[PDB]
Amino acid sequence: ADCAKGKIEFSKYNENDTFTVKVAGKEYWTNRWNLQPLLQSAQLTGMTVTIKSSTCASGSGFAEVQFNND
Amino acid sequence: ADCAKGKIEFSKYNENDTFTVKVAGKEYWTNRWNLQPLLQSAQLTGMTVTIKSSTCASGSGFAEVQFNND
Amino acid sequence: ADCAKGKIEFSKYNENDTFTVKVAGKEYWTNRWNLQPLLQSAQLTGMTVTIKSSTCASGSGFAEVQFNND
Amino acid sequence: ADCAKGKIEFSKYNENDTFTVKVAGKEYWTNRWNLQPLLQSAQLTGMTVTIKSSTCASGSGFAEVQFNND
Amino acid sequence: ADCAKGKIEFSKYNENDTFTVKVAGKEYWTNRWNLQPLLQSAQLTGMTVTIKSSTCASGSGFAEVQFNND
Amino acid sequence: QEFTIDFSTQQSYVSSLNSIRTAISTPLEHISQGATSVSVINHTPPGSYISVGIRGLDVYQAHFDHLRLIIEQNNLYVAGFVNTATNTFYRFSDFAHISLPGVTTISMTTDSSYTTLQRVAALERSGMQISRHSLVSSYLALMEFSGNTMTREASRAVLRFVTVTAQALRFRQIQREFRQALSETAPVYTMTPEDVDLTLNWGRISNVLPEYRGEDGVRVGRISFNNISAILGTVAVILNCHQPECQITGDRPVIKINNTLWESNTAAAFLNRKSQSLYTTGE
């Protein structure tokens, strides 16, 4: 499901080597190390990201995300 | 074959850790991780890319892409 | 604990393969290799980073950090 | 020997996971995955690169390259 | 010790997978693959780098480096 | 059209360049502060040029004003130089499209690029020195030139005159740093690595600055303008983008990041870094 869509408000590197972003007021984390530079890049260049997951509660995990340039 | 040439309209990280881009109105995915940051940087700046593959149908995989300056 | 917060004054790759950044007048190192390019991009663009550690003594190690834009 | 000197006309990720650049009208490929982001960055910023290799025929391999601001 | 401070004049990827930079008129090389993206990014953005090594004569190696925007 | 760069004093030098700028370019709405601006070259037809007379290098000389430099207008490239005492126009090979009525045109073997000129001159722009004295010898060298093959001494003269004419026109920083050599103190101007790097990014700067709208700073590759006054103090004239030198790749001139305007290609060039995790072999 499309959990959240918007700019990245903050990103965070977590001590367990996971990575979190806040999109549309709700936080989501991911385990995939390849997404860390992709997400920080989106945050810095103003890309609209669409977090996609089967579990969309704030604080939940994800591993699918679309990137649009604005 | 040259399957599609143009700007990257959107990109998407997939749950199976593949990576999708839309070029010239068609979608293609790749399993080569090294291409992920290279393709996103092409997207941010409006670089026109050329997707090459034996399979050019929307939805097909690819592993060869040219980065052009025009 | 939020150990320090601000723009990255300088960064430094160390002989022991760790990476240190100076924030709010205090230095902090991390052995997390994925943070090296992320912290450099943050320093280059003047991101406001928040260093989070169980040990906030200047010169102490860390492995958690938040990245914010202006 | 200095095979070619000039800016990158195009770059290309190849299906065998090598990376091709065309410099001064000739094409050269390399096997070092580390050179893929380095070579694209040079193309993006218009760096003058000097391909160095035992074999300077167009279509030949290389693994040494100088990145100049000139 | 602090061997050289300034912007990177050029960099070179060497056949042996090491990486060379020229700072303040002298050359230095490193074996750490992780300095390759950091050093080149410093070059193309014009950061002022500070090379640090027990060995400070041109043509000598290093594995300690500070990055400043100014 | 015809213009003159008068090297008599610092003020005549600055006024000369400003008169050329006023005629061939238009200030940017968002980067000007009185009579000091960043100006965009007005589009002229291909082959359009200006003939710039050189004067005032030795005021004890009523006949040292016979060197001219032909400068293509859309790009401020020096196409060649004219000896008015012998009515001979020595023209670089990449400018066959520039023709002058009533002057003996000599088509030369080599081109106008700094790469060609530095090689023949055995002199790099970085660290090159220019004084009133060495400009006089530069004038002598060009007026004593003959043939169709540039020499070391003529190439050194061109490199010096390009910096203090065309490059000074583009960059207020080069104008300001060089004009000190026109003092009675007669100091020596050294072209710094920073000066050279500015000329290597002229097209890149030209593509970015039109998008400026009051941001705290501007970043273009290795160039940093940390406030708007740093822009005006460095840049005087830029190309008209929308010229081939305006674009490297892509089509997005800038990315605004934290009230700093970045050349998008610069950001892309340090954002394409994979997870350092993957720096591995054979596992």
# chains A, B, ... in the order shown; residues from 1 in each chain; ligands from 1
>>> closest_atom_pairs(of="region 78-169 of chain F", to="region 57-70 of chain D", cutoff="12 Å", atoms="only C-alpha atoms", output="CSV")
residue,atom,partner,partner_atom,distance
F:114,CA,D:70,CA,10.1
F:115,CA,D:70,CA,9.1
F:124,CA,D:70,CA,11.5
F:125,CA,D:70,CA,11.3
F:126,CA,D:70,CA,11.1
>>> closest_atom_pairs(of="chain F", to="chain D", cutoff="7 Å", atoms="only C-alpha atoms", output="JSON lines")
{"residue": "F:248", "atom": "CA", "partner": "D:46", "partner_atom": "CA", "distance": 6.2}
{"residue": "F:249", "atom": "CA", "partner": "D:44", "partner_atom": "CA", "distance": 6.4}
{"residue": "F:265", "atom": "CA", "partner": "D:44", "partner_atom": "CA", "distance": 5.5}
{"residue": "F:266", "atom": "CA", "partner": "D:45", "partner_atom": "CA", "distance": 6.3}
{"residue": "F:269", "atom": "CA", "partner": "D:41", "partner_atom": "CA", "distance": 4.4}
{"residue": "F:272", "atom": "CA", "partner": "D:37", "partner_atom": "CA", "distance": 6.3}
{"residue": "F:273", "atom": "CA", "partner": "D:37", "partner_atom": "CA", "distance": 6.4}
>>> write_last_selection(atoms="N, CA and C atoms", output="CSV table (one decimal), in the first residue's frame")
chain,number,residue,atom,x,y,z
F,248,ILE,N,27.0,20.9,-19.7
F,248,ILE,CA,27.8,19.7,-19.7
F,248,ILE,C,27.0,18.5,-20.0
F,249,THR,N,25.9,18.3,-19.3
F,249,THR,CA,25.0,17.2,-19.4
F,249,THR,C,23.8,17.5,-18.6
F,265,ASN,N,24.7,19.4,-11.5
F,265,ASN,CA,25.6,18.4,-11.8
F,265,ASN,C,26.7,18.2,-10.8
F,266,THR,N,27.0,19.3,-10.0
F,266,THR,CA,27.9,19.1,-8.9
F,266,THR,C,27.3,18.2,-7.8
F,269,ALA,N,27.2,14.7,-8.7
F,269,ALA,CA,28.5,14.1,-8.7
F,269,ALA,C,29.1,13.6,-7.4
F,272,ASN,N,26.1,10.2,-6.0
F,272,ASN,CA,26.0,8.9,-6.7
F,272,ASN,C,26.9,7.9,-6.1
F,273,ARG,N,27.2,8.1,-4.8
F,273,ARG,CA,28.0,7.2,-4.0
F,273,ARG,C,27.2,6.0,-3.5
>>> residues_around(residues="residue 17 (chain E)", least_positions_apart="2", cutoff="8 Å", atoms="only C-alpha atoms", output="PyMOL selection string")
chain E and resi 13-15+19+31+33
>>> write_last_selection(atoms="C-alpha atoms", output="compact mmCIF listing (two decimals), in the first residue's frame")
# COMPACT_ATOMS: atom_id res chain seq x y z
CA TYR E 13 43.13 5.80 -9.92
CA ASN E 14 46.16 3.51 -10.12
CA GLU E 15 46.50 0.04 -11.61
CA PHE E 19 44.35 6.28 -5.27
CA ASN E 31 45.19 2.01 -0.08
CA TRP E 33 39.15 2.05 -0.99
>>> closest_residue(among="C:24, C:3, C:35, C:51", to="chain E", atoms="only C-alpha atoms")
C:35
>>> select_by_dssp(residues="region 86-227 of chain F", states="strand (DSSP E)", output="JSON, numbers by chain")
{"F": [88, 89, 90, 91, 104, 105, 106, 107, 129, 130, 189, 190, 217, 218, 219, 220, 223, 224, 225]}
>>> write_last_selection(atoms="N, CA, C and O atoms", output="compact mmCIF listing (two decimals), in the first residue's frame")
# COMPACT_ATOMS: atom_id res chain seq x y z
N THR F 88 47.90 44.07 -41.06
CA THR F 88 47.90 42.62 -41.15
C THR F 88 47.14 42.04 -39.98
O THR F 88 47.42 42.38 -38.82
N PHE F 89 46.18 41.16 -40.27
CA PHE F 89 45.36 40.50 -39.26
C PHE F 89 45.78 39.04 -39.18
O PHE F 89 45.49 38.25 -40.08
N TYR F 90 46.46 38.68 -38.09
CA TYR F 90 46.84 37.30 -37.82
C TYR F 90 45.69 36.61 -37.10
O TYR F 90 45.30 37.02 -36.00
N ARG F 91 45.15 35.57 -37.72
CA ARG F 91 43.90 34.95 -37.29
C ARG F 91 44.15 33.49 -36.93
O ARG F 91 44.79 32.75 -37.69
N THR F 104 44.72 42.83 -44.47
CA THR F 104 45.39 41.63 -44.98
C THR F 104 45.26 40.52 -43.94
O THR F 104 45.94 40.52 -42.91
N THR F 105 44.37 39.57 -44.21
CA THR F 105 44.12 38.46 -43.29
C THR F 105 45.09 37.32 -43.56
O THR F 105 45.23 36.88 -44.71
N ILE F 106 45.75 36.87 -42.49
CA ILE F 106 46.72 35.77 -42.52
C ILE F 106 46.14 34.63 -41.67
O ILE F 106 45.90 34.80 -40.47
N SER F 107 45.87 33.49 -42.29
CA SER F 107 45.30 32.34 -41.59
C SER F 107 46.44 31.49 -41.04
O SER F 107 47.31 31.01 -41.79
N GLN F 129 53.09 35.39 -14.59
CA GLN F 129 53.22 36.75 -14.09
C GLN F 129 53.00 37.76 -15.20
O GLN F 129 53.39 37.52 -16.35
N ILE F 130 52.39 38.89 -14.85
CA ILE F 130 52.08 39.95 -15.80
C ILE F 130 52.34 41.28 -15.10
O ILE F 130 51.77 41.55 -14.04
N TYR F 189 51.51 41.23 -11.19
CA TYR F 189 50.31 40.44 -10.97
C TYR F 189 50.61 38.98 -11.31
O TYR F 189 51.15 38.69 -12.38
N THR F 190 50.27 38.08 -10.40
CA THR F 190 50.40 36.65 -10.62
C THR F 190 49.00 36.04 -10.73
O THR F 190 48.17 36.25 -9.85
N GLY F 217 23.93 31.71 -0.74
CA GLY F 217 25.16 31.35 -1.41
C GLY F 217 24.92 30.62 -2.71
O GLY F 217 23.80 30.25 -3.07
N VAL F 218 26.03 30.41 -3.43
CA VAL F 218 26.03 29.72 -4.72
C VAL F 218 27.24 28.80 -4.76
O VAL F 218 28.34 29.20 -4.39
N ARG F 219 27.03 27.56 -5.21
CA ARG F 219 28.10 26.58 -5.33
C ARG F 219 28.11 26.04 -6.76
O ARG F 219 27.10 25.52 -7.23
N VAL F 220 29.25 26.17 -7.43
CA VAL F 220 29.42 25.72 -8.81
C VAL F 220 30.74 24.94 -8.86
O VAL F 220 31.82 25.54 -8.95
N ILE F 223 33.89 26.20 -7.18
CA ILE F 223 33.71 27.62 -6.91
C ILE F 223 32.69 27.79 -5.79
O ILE F 223 31.68 27.09 -5.74
N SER F 224 32.95 28.75 -4.90
CA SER F 224 32.03 29.08 -3.81
C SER F 224 31.87 30.59 -3.72
O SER F 224 32.84 31.31 -3.50
N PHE F 225 30.63 31.06 -3.88
CA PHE F 225 30.24 32.43 -3.58
C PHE F 225 29.42 32.38 -2.29
O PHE F 225 28.26 31.96 -2.31
>>> residues_around(residues="residue 6 (chain E)", least_positions_apart="2", cutoff="8 Å", atoms="only C-alpha atoms", output="MDAnalysis selection string")
chainID E and resid 4 8 23:24 47:50
>>> residues_around(residues="residue 85 (chain F)", least_positions_apart="4", cutoff="10 Å", atoms="only C-alpha atoms", output="NGL selection string")
:F and (63 or 65-67 or 143)
>>> select_by_dssp(residues="chain A", states="alpha helix (DSSP H)", output="VMD selection string")
chain A and resid 35 to 45
>>> residues_around(residues="residue 144 (chain F)", least_positions_apart="3", cutoff="10 Å", atoms="only C-alpha atoms", output="MDAnalysis selection string")
chainID F and resid 83 138:141 153:154
>>> write_last_selection(atoms="C-alpha atoms", output="CSV table (one decimal), in the first residue's frame")
chain,number,residue,atom,x,y,z
F,83,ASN,CA,49.1,45.0,-36.6
F,138,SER,CA,54.1,41.3,-25.1
F,139,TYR,CA,53.0,44.2,-27.3
F,140,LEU,CA,56.5,44.2,-28.8
F,141,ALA,CA,56.4,40.5,-29.5
F,153,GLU,CA,57.2,34.5,-27.8
F,154,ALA,CA,54.0,35.4,-29.6
>>> atom_distance(atom1="CA of residue 80 (chain F)", atom2="CA of residue 24 (chain F)")
18.9 Å
